[PDB]
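Engineer: Below you'll find the structure I mean.
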Amino acid sequence: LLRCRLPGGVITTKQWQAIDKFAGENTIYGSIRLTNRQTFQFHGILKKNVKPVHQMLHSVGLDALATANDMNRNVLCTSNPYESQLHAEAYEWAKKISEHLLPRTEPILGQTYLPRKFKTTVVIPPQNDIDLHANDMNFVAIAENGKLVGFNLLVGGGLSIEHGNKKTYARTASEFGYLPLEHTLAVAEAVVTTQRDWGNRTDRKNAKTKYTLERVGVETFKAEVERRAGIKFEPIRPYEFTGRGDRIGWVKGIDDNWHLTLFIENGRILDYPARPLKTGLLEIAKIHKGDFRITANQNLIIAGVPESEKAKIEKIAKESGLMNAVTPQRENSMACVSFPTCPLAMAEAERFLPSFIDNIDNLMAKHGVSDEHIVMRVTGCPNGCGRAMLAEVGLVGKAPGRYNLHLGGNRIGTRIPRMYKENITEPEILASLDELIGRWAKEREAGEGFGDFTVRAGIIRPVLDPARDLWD
Ligand code: SRM
Ligand code: SF4
Ligand SMILES: O=S([O-])[O-]
Ligand code: NA
């Protein structure tokens with residue numbers, strides 16, 4: 001397994017052609033796997049190819065630095081903002097934060113480095129596609145007159161739990177305050193160093209920022225950040241989210257620019273019988289004027305297609321099976337890699353999701369809600385890579401063919417789903433949802449999501465303060 005550092009998921013067509021080649025020739029699986037942190041992975045790299053992989057990345061200006069250690073992981077940035085012009089500067093900031101937090105090999109990270117991996121994002125409301133609540137540090141962009149003026153800082157998100165261990169918990173990020181744009185790096189550095197100093201290093205299961213914040217308190221942590229940064233946080237500026245999904249299909253950008261987001265199931269790029277997904281993308285990379293953007297939903301955006309080139313690109317994407325129409329449900333579902341490559345896997349996730357969604361699609365159809373969607377995620381084990389702990393319906397692997405069923409998150413991802421049923425099989429999971437979806441379809445209010453419904457309808461108690469009420 002090799003994972004690339006790719007701030008904001010922006011990758012050039014030249015870089016793409018290089019990863020496509022290596023993936024095809026030098027890996028056991030021969031696939032490109034887009035991850036939910038806006039970057040990619042190769043699976044099964046032969047030890048002989050370990051050297052040429054870094055050379056290959058480097059030759060195209062890429063690097064795999066801090067992508068799988070107790071450091072700062074890939075920094076995310078909203079991929080396709082409604083106000084298209086805001087992407088450029090938000091992206092430049094994600095890239096700056098990523099570089100600023102990189103190891104000097106350690107003034108920021110320290111010799112011992114960080115107690116645990118640190119995750120950061122740059123968010124452009126109203127989109128929470130990057131799932132800010134799964135991250136340690138988040139910069140929510142505040143714009144005025146089409147220019148960014150600063151960021152609201154949210155700290156402390158993290159989803160990993162350990163089965164039956166009430167000392168572990170998923171936690172959402174807490175608001176600290178607003179900071180003018182110029183204080184960004186000082187603040188970023190301040191949060192990392194405080195966590196580095198205060199983080200429990202002895203017990204790795206308690207090292208994460210979410211635990212540190214709970215131990216010392218948000219205000220205590222906040223004061224130190226201000227002390228260290230040399231600033232005083234201003235009050236949080238208004239922001240709201242409306243969703244977390246990608247904008248599948250064509251959307252108009254700035255000027256005569258267009259963006260085509262392609263839905264890629266499980267982000268698994270390979271040539272399949274009659275669906276040459278991998279070749280189709282290579283063909284588009286060869287004629288595409290612009291970049292590609294890997295989304296936090298494991299999808300790919302062919303960005304900045306001049307209006308004149310739409311038909312060209314669309315022809316290839318269509319013929320390659322990249323534009324095969326799926327239901328809104330499939331578009332809003334996600335799973336982690338899990339087997340066969342993950343050594344920590346308990347239950348299938350990626351290889352289970354397609355057929356599972358085939359079944360969910362039937363149930364949605366049976367209830368007359370086939371145009372609707374429920375943010376549904378499956379994570380192969382409690383480490384939570386599939387981000388099931390921010391889903392409306394989350395399945396958490398517990399053993400081969402058995403999952404813990406969680407309910408009650410919301411569409412925007414600001415609430416953690418409580419465990420509903422434990423250690424059950426697919427047929428048992430489907431039977432529960434069949435009934436639940438039936439009720440939502442008939443009892444819901446106008447535009448009410450499934451998660452909110454289960455909470456309003458008393459089907460599941462909401463998680464109001466994860467550190468204290470996530471576990472029954
Ligand atoms: C590819 C990805 C899932 C996906 O299908 O997209 C993934 C895959 C793996 N994760 Fe992850 N994680 C991925 C997003 C996350 C997320 C979601 C997110 O960051 O948005 C989380 C939940 C949020 C959080 O961190 O709290 C997550 C929490 C973990 C953890 C538990 C961390 C913890 O704090 O306890 C581990 C295990 C560990 O570090 O001990 C882990 C471990 C792993 C490893 C590297 C397994 C290992 O330790 O050997 C998994 C590799 C599987 C494979 O064969 O590819 N992965 N993982 C994501 C790669 C992100 C990236 O490119 O950087
Ligand atoms: S959630 Fe568990 S099974 Fe899935 S990729 Fe992460 S570590 Fe592996
Ligand atoms: O190592 S997981 O966070 O990708
Ligand atoms: Na996808």
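Neighbour counts are summed over all protein chains in view; Cβ atoms, including those assigned to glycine, are modelled from backbone coordinates with ideal geometry. Numbers and lists here come from the model and the stated rules, or from a named source; no laboratory read-out is quoted.
Engineer: Out of the range 375-402, which residues are more than 15 Å from ligand 4 (Cβ to nearest atom) and not in a strand (DSSP E or B)?
Structural biologist: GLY380, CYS381, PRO382, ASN383, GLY384, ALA388, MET389, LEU390, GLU392, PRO400, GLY401
Engineer: Further, regarding this structure: In this structure, does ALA345 turn out to be in a helix (DSSP H, G or I), more than 25 Å from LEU464 (Cα to Cα), out of contact with any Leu (no Cβ under 8 Å at 6 or more places or on another chain) and not assigned by CATH to the domain that holds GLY164?
Structural biologist: On the way: in a helix (DSSP H, G or I): no; more than 25 Å from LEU464 (Cα to Cα): yes; out of contact with any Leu (no Cβ under 8 Å at 6 or more places or on another chain): yes; not assigned by CATH to the domain that holds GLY164: yes.
Considered against the rule, which asks whether it is in a helix (DSSP H, G or I), more than 25 Å from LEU464 (Cα to Cα), out of contact with any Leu (no Cβ under 8 Å at 6 or more places or on another chain) and not assigned by CATH to the domain that holds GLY164, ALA345 comes out as no.
Engineer: Just give me the residues in the range 157-168 being surrounded by fewer than 24 Cβ atoms within 10 Å (Cβ to Cβ) and of a type outside the set (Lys, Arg), in sequence order.
Structural biologist: Here is the first cut: in the range 157-168, the ones surrounded by fewer than 24 Cβ atoms within 10 Å (Cβ to Cβ) are 160, 162-168.
Within the range 157-168, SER160, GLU162, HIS163, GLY164, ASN165, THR168 meet the criteria.
Engineer: So, in the range 22-31, exactly how many residues are within 16 Å of ligand 2 (Cβ to nearest atom) and either touching a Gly at 6+ places or on another chain (Cβ under 7 Å) or of a type in the set (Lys, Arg) (or both)? Quick ask: steps written out before the conclusion?
Structural biologist: Our first condition is that a residue be within 16 Å of ligand 2 (Cβ to nearest atom); within the range 22-31, this holds for 29, 31.
From what's left, either touching a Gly at 6+ places or on another chain (Cβ under 7 Å) or of a type in the set (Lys, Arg) (or both): 29.
Total satisfying the criteria: 1.
Engineer: Only one of (1) away from ligand 3 (no atom under 16 Å from the Cβ); (2) in the same structural domain as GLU435 (by CATH) fails for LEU322. Which number is that?
Structural biologist: Just one mismatch for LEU322, condition (2).
Engineer: What are the residues in the range 65-88 that are crowded, with 18+ Cβ neighbours inside 10 Å, within 25 Å of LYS14 (Cβ to Cβ) and within 16 Å of ligand 1 (Cβ to nearest atom), if any?
Structural biologist: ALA66, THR67, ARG73, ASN74, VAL75, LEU76, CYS77, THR78, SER79
Engineer: Let me ask you something else. Out of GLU435, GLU372, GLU428, which single residue is surrounded by fewer than 22 Cβ atoms within 10 Å (Cβ to Cβ), outside any helix (DSSP H, G or I) and not assigned by CATH to the domain that holds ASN165? Break it down stepwise before answering.
Structural biologist: Working: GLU435 fails: outside any helix (DSSP H, G or I); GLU428 fails: outside any helix (DSSP H, G or I).
None of the other options fit; the residue is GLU372.
Engineer: Restricting attention to the range 1-31, and to residues there that are assigned to a loop (DSSP other than H, G, I, E, B) and of a type outside the set (S, T, N, Q), which single residue is surrounded by the fewest Cβ atoms within 10 Å (Cβ to Cβ)?
Structural biologist: Only one residue tops the list, namely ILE28.
Engineer: Cβ-Cβ distance below 8 Å, separation of 6 or more or different chains: which pairs start in the range 395-424 with a residue that is within 18 Å of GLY243 (Cβ to Cβ) and end on one that is aromatic (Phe, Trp, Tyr)?
Structural biologist: Cβ pairs passing all conditions: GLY408/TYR420; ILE412/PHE241; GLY413/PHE241; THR414/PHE241.
So that you can scan it fast, the table gives a plain yes or no per residue for (1) touching a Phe, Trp or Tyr at 6+ places or on another chain (Cβ under 9 Å); (2) on the phi > 0 side of the Ramachandran plot:
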| position | (1), (2) |
| --- | --- |
| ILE28 | no, no |
| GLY44 | yes, yes |
| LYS47 | no, no |
| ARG73 | yes, no |
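Engineer: Which residue is farthest from ligand 2 (Cβ to nearest atom), if the candidates are limited to the range 32-91 and must be assigned to a loop (DSSP other than H, G, I, E, B) and among the small types (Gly, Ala, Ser)? Even if it seems obvious, please write down each step before you answer.
Structural biologist: Initial filter on the range 32-91 (assigned to a loop (DSSP other than H, G, I, E, B)): 35-39, 43-44, 46, 60-62, 64-71, 73-75, 78-85.
From what's left, among the small types (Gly, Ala, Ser): 44, 61, 64, 66, 68, 79, 84.
Details: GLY44: 15, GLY61: 28, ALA64: 18, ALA66: 18, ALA68: 12, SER79: 22, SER84: 33 Å.
That would be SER84.
Engineer: Still on this model: Could you run through the range 403-437 and say how many residues are of a type in the set (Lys, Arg) and over 24 Å from the mean Cα position of the chain (by Cα)? Write out each step before concluding.
Structural biologist: Let us first name the residues in the range 403-437 that are of a type in the set (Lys, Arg), namely 411, 415, 418, 421.
If we keep only those that are over 24 Å from the mean Cα position of the chain (by Cα) too, we end up with 421.
Of the residues in that region, 1 qualify.
Engineer: Against the condition farther than 30 Å from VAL369 by Cβ, touching a helix residue (DSSP H, G or I) at 6+ places or on another chain (Cβ under 6 Å) and within 14 Å of ligand 4 (Cβ to nearest atom), how does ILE284 come out, does it pass? It would help to see each step written out before you state the result.
Structural biologist: Numbers: farther than 30 Å from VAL369 by Cβ: yes; touching a helix residue (DSSP H, G or I) at 6+ places or on another chain (Cβ under 6 Å): yes; within 14 Å of ligand 4 (Cβ to nearest atom): no.
No.
Engineer: Just one of the numbered conditions (1) within 27 Å of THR209 (Cβ to Cβ); (2) within 16 Å of ligand 2 (Cβ to nearest atom); (3) over 24 Å from the mean Cα position of the chain (by Cα); (4) of a type outside the set (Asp, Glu) is not true of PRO400; which one?
Structural biologist: (1)
Engineer: Pairs under 6 Å by beta carbon, first residue in the same structural domain as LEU277 (by CATH) in the range 31-48, partner among the charged types (D, E, K, R) and more than 14 Å from ligand 3 (Cβ to nearest atom), six or more apart or different chains?
Structural biologist: Between residues of the range 31-48 that are in the same structural domain as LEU277 (by CATH) and residues that are among the charged types (D, E, K, R) and more than 14 Å from ligand 3 (Cβ to nearest atom), the close pairs are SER31/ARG268; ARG33/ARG268.
Engineer: Another question, if that's okay. Only residues that are within 25 Å of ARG387 (Cβ to Cβ) and either within 16 Å of ligand 3 (Cβ to nearest atom) or of a type in the set (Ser, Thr, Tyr) (or both): list them for the range 269-303, please.
Structural biologist: Across the range 269-303, the qualifying residues are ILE294, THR295, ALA296, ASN297, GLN298.
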